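As structure tokens, the next two blocks hold two forms of the same chain, structure 1 and structure 2.
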Structure 1
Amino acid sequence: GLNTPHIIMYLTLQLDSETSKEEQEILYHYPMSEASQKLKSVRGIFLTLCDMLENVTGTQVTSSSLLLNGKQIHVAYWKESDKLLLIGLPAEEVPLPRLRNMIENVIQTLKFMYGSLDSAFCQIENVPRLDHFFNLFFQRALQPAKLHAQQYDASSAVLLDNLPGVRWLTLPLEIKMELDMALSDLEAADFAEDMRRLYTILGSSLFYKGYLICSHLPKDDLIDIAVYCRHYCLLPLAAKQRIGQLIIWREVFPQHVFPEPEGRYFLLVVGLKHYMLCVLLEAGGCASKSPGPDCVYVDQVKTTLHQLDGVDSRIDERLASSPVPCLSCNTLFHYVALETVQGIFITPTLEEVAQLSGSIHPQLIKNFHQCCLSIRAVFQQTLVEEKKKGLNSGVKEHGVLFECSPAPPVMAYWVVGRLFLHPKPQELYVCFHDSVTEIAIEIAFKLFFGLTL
């Protein structure tokens, strides 16, 4: 409920606590309600620790546990420039491994939308926008019941939010090429009225019904757009509801052997009829040099969507025409496949799991995603250790079995995943009955072989 204590504060770590200004340490906070106020009163704890523990140890505080009102609250930290972001959420709704990834997504989103984390908070004009953002953030993390077959995504979110990737839909090549050509038709375009071009189209990506279909955009830019869309529920909106017209215009700061050119970037997102098309535009660079949408870029994405509406039924047939590989109520039950180098997950469709439904089924799905999060935490520790070595230069498999039963039938329920590193960093998750003696290499080969974005 909304009465459960949680808080966000942005604090300065120049701890001149003797000065006269009230709450000079707080540059921003949300919510304003009483449930947060006790957390606000203990703000001095975070300040003391964020100075002290990096003096004691070689690194920043990342998280902490407080108990308040009988709740265990996990509080995340980010000391960006002797200036601290802090987020506190109940452990009852938010596992620590979820929170640390959530703050990371918040940090990336703030930098993406505002250029830098510290300045985003130091700007007073960004306060009501921060309040709106955190209102949405503290509904997803704390009160999931709003949900913005039943609650399939909510059970999925336990795992789906943690992975470094985007839900994506595998297609037959006969469909894929119409979709890729439509993006190429947009990306090559330059239309006006002899004039300097307004923007370079850095790239674009297409989603349908919450699934990424294809992308001409770079992986790093796909990740940042997807995280933004999670926080604003744009993808689930397309998945559940028919959008008449959506238009979003934002200035963005997507990080961007010659050096990368100087410029400013704009994110345009337009969507109709469960499609959502994202375009990342560059000012400067090859192009002219903040403005609202220029209309012409909106017209080009809308035209692209009209072309894509000719194949939506073909995609729906792929969604409807039995699971691939097939699933049983062959004893495969579920999977998630991820190439970390590209913004791709491969998953059973909502339609395909609904087609697999039963009284046992929805419980099994929740168990799968929750176990996969517990697996991800182990892989993520490994990924960080390996990344540190990779940075200095310029663990492998996990699974569990749960016997489950509705004198009902008793079914084995393996949840397994594997991490590959050398030719690519890629992760696989699968679920199956113990009746089939599966090999992870055989499956990973079958799923990853021939795969392309």
Structure 2
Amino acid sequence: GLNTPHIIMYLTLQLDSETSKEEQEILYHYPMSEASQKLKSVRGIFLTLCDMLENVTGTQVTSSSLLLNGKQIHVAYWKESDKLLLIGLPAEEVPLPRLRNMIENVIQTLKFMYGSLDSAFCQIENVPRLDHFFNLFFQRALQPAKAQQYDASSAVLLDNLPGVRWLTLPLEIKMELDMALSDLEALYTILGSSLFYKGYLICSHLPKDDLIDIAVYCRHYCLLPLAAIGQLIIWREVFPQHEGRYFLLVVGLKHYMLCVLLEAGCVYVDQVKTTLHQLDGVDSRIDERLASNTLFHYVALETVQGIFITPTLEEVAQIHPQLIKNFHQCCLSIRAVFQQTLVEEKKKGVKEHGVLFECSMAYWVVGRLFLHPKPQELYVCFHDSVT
């Protein structure tokens, strides 16, 4: 809720000024209300903790937990040169691994917005839109319920995995979509593009290092609804972890979301609108595809390409409402167990995990990792009749 403590803030380390007011070390803090003043006070604890753990441990502070008013609040860190970004959310609403994933995603999004996040927070003209974005951030983290409630329930897990909800496609539909997107590629050059349908990614040529940024930016603004109009013509400069300008276009029409990245060194909108109009003949086919073993649910994920496959809303329509949310909630902890070995592998560059549930009807919620083949993760709920 709104009254529940939460904060996002951007302190400056190595304070070298004679003044010691709040604005001296706080570059930007949200929310500026009664839900964050206490953490605004404990900011000094946060700074001392970061500096101390820098001195004693060679690594950065991953996170911390603080018992406020009888409930534990998790705070996640990130230390840059002279700046420390820091977020804080309740544990009962946001578990710690989820909090770390949200912090890394939000920092990637901010770097996608305006260069390094130092230039994101240092400026003042971006304060109102930063407040708007963080209001969306907190309202999504705390009040996801805003086709009903199924996406919100699945969120608590789906945001954790990289990628988008990839929709399995026939050969002909994929081929014609690829041809249309290549025709769209044909002042600026096109790095690539990606088409999403009703919140489901339908076809991508963009490299994953920018596709992930596209996905997280679109999601942070609730641009991927389910069973959702106008002409979204988003046209803005972005900085996708890569000098020259790296502009971005996002065109929306009748459940079609085409995101195309442009390099540098209505002109580019008319042809994409015509492409969407001519592709409007495949919406019926893609809807037919969207419509229509003891395996109940699977969130099979790929890493190198960067996509995950989940059953469609129609598939989950046919104890199931409890099943999905319990499965996602437990897969969050299984995700934590797996990110332990994932960061171990990243250092190099464990095998699986299983669970019973009887909140009824066995469950065998099983997470599996594949590192010897192309890295990927699988998460399955199924009955215990056959294993």
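Residues are numbered by position in structure 1's sequence, first residue being 1. We call the rigid core the largest set of C-alpha positions that still match within 1.5 Å between the two forms.
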Position that moves between the two structures after core superposition, taken from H274, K71, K83, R98, with Cα shift of 2 Å or more: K71
Yes/no, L13 Cα shift of 2 Å or more between the two structures with rigid core fixed: no
Angstrom displacement of the CA atom of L350 between the two structures, core fixed: 0.7
Once the two forms are fitted on their core, CA shift of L308 between the two structures in Å: 2.2
Per-residue C-alpha deviation between the two structures [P164; rigid core superposition; Å]: 1.6
